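S.K.: My questions all concern the structure below.
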Amino acid sequence: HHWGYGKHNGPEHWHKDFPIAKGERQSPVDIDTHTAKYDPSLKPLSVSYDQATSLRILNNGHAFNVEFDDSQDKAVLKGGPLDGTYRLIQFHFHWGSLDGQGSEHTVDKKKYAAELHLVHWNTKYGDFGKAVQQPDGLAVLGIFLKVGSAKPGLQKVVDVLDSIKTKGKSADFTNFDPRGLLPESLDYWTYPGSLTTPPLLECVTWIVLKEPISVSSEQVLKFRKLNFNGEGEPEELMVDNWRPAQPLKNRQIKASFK
Ligand SMILES: NS(O)(O)c1ccc(OCc2cn(-c3ccccc3)nn2)cc1
Ligand SMILES: [Zn+2]
């Protein structure tokens, strides 16, 4: 009886195995745009993905991860609210069963169809496992998805999904360029938070871009054909793999833009 996104194992149950679920800096949160304050001291984001080396794509039973070679400073995130260098390890998405839900963060209570998380770890801690034990261990760049025009740079991801339909399946996924998933603007909100899945560790500096990317209905429909289950098990569609907004508590969300 492991955690998931069903009625009997979903987000409202997680606290029983992971008491930090009710902690002081949990994610995601609602971003109240009128309360978020412009912070002129915040720097522009530095997203350096030109040397990114993708390796593999994995259905882990709660989403799919596109994994990168993080044994050197290839693809890194710096600047903004961050001190030091954060290495890209993987990206994944959260999405809904319908276009009107799927994102984890919300903006003035608006839910987007999906949310992309580019996960980076602070290289002062040496490896990812050590980094998640630190309050400034990770930086996750969050990007909203809305349904409209297709995102050409997403299609290579979409088309490999039939080969990793079920939990535990992986496929080679080399030479994928994550720059093709970014929006035009790097304007962002930032706040201190947590992993949005168990173990829910409070180790993340969240950087959530204001500008959503557009993906087509056909693209998101292919996300929704994935399975939570393993091969040969009763089919349960991988949809609604998002945690709802958590209490903001003693936190301020800062904006990089006026
Ligand atoms: N959704 S999110 O972007 O917040 C997000 C990002 C990263 C996550 O990592 C889970 C994880 C894996 N490990 C681990 C550590 C050492 C060895 C093996 C696994 N620890 N936490 C979860 C959610
Ligand atoms: Zn995530």
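Chain labels A, B, ... are given in the sequence in which chains occur in the structure tokens; within each chain residues are numbered consecutively from 1, and ligands are likewise numbered from 1 in the order shown.
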Write out as a list in words each polymer residue whose atoms come within 6 Å of segment 170-185 of chain A, counting only C-alpha atoms; drop sequence neighbours fewer than 2 positions from it.
M.R.: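 Residues near the query, excluding close chain neighbours: residues 54, 55, 56, 57, 58, 153, 164, 187 and 213 of chain A.
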S.K.: Could you list, as a ChimeraX atom specification, every residue within 8 Å of residue 106 of chain A, counting only C-alpha atoms and ignoring same-chain residues fewer than 6 positions away?
M.R.: /A:29-31,112,245
S.K.: Within 10 Å of ligand 1, which residues show up when you count only C-alpha atoms and all ligand atoms? List them as a ChimeraX atom specification, please.
M.R.: /A:26-28,62-63,65,89-94,104,115-121,127-133,138-142,193-206,241-243
S.K.: Restricting the calculation to only C-alpha atoms and all ligand atoms, which member of A:103, A:256, A:217, A:155 is positioned closest to ligand 2?
M.R.: A:103
S.K.: For ligand 2, which residue out of A:8, A:2, A:105, A:25 is the nearest one, using only C-alpha atoms and all ligand atoms?
M.R.: A:105
S.K.: Extract the full set of strand (DSSP E) residues from segment 31-151 of chain A according to DSSP on the backbone, and format it as number ranges by chain.
M.R.: A: 31, 37-38, 45-48, 54-59, 64-68, 76-79, 86-95, 106-107, 114-122, 138-147
S.K.: Within segment 60-250 of chain A, find each residue whose DSSP state, derived from the backbone, is alpha helix (DSSP H), and express the selection as a list in words.
M.R.: residues 128, 129, 130, 131, 155, 156, 157, 158, 159, 160, 217, 218, 219, 220, 221, 222 and 223 of chain A
S.K.: If you keep C-alpha atoms, can you produce a file of those selected residues as a PDB file, in the first residue's frame?
M.R.:
ATOM      1  CA  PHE A 128      21.590  14.592  -5.411  1.00  0.00           C
ATOM      2  CA  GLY A 129      21.018  12.358  -2.379  1.00  0.00           C
ATOM      3  CA  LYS A 130      23.041  14.694  -0.173  1.00  0.00           C
ATOM      4  CA  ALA A 131      21.465  17.793  -1.720  1.00  0.00           C
ATOM      5  CA  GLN A 155       7.058  16.277 -29.790  1.00  0.00           C
ATOM      6  CA  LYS A 156      10.136  14.032 -29.419  1.00  0.00           C
ATOM      7  CA  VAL A 157       9.063  13.404 -25.822  1.00  0.00           C
ATOM      8  CA  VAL A 158       5.441  12.738 -26.844  1.00  0.00           C
ATOM      9  CA  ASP A 159       6.438  10.221 -29.487  1.00  0.00           C
ATOM     10  CA  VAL A 160       8.570   8.039 -27.181  1.00  0.00           C
ATOM     11  CA  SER A 217      -4.527  18.902 -27.261  1.00  0.00           C
ATOM     12  CA  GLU A 218      -2.973  15.953 -29.119  1.00  0.00           C
ATOM     13  CA  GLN A 219       0.273  16.315 -27.158  1.00  0.00           C
ATOM     14  CA  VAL A 220      -1.386  16.306 -23.737  1.00  0.00           C
ATOM     15  CA  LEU A 221      -3.736  13.486 -24.810  1.00  0.00           C
ATOM     16  CA  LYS A 222      -0.630  11.331 -25.309  1.00  0.00           C
ATOM     17  CA  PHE A 223       0.530  12.112 -21.739  1.00  0.00           C
TER      18      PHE A 223
END
S.K.: Please indicate the distance in Å from atom CA of residue 21 of chain A to atom CA of residue 107 of chain A, rounded to one decimal place.
M.R.: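 If I compute the distance from atom CA of residue 21 of chain A to atom CA of residue 107 of chain A, I get 21.5 Å.
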S.K.: Work out how far atom CA of residue 10 of chain A is from atom CA of residue 227 of chain A, in Å to one decimal.
M.R.: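 These atoms are spaced 16.1 Å apart.
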S.K.: At a cut-off of 10 Å, using only C-alpha atoms, what residues contact residue 46 of chain A? Leave out same-chain residues fewer than 2 positions from it and give the result as a PyMOL selection string.
M.R.: chain A and resi 43-44+48-49+76-80+82+85+186
S.K.: Between A:14, A:144, A:70, A:111, which one has atoms that come closest to ligand 2, using only C-alpha atoms and all ligand atoms?
M.R.: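 Of A:14, A:144, A:70, A:111, the one nearest ligand 2, counting only C-alpha atoms and all ligand atoms, is A:144.
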S.K.: What is the atom CA of residue 169 of chain A to atom CA of residue 216 of chain A distance in Å?
M.R.: 25.1 Å
S.K.: Measuring atom to atom with only C-alpha atoms, identify which of A:167, A:97, A:108, A:88 is nearest to residue 36 of chain A.
M.R.: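 Closest to residue 36 of chain A of all the choices is A:108.
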S.K.: Could you tell me which of A:66, A:34, A:236, A:6 comes closest to ligand 2 if we count only C-alpha atoms and all ligand atoms?
M.R.: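 Residue with the minimum atom-to-atom distance to ligand 2: A:66.
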S.K.: Between A:87, A:225, A:102, A:122, which residue has the minimum interatomic distance to ligand 2, considering only C-alpha atoms and all ligand atoms?
M.R.: A:102
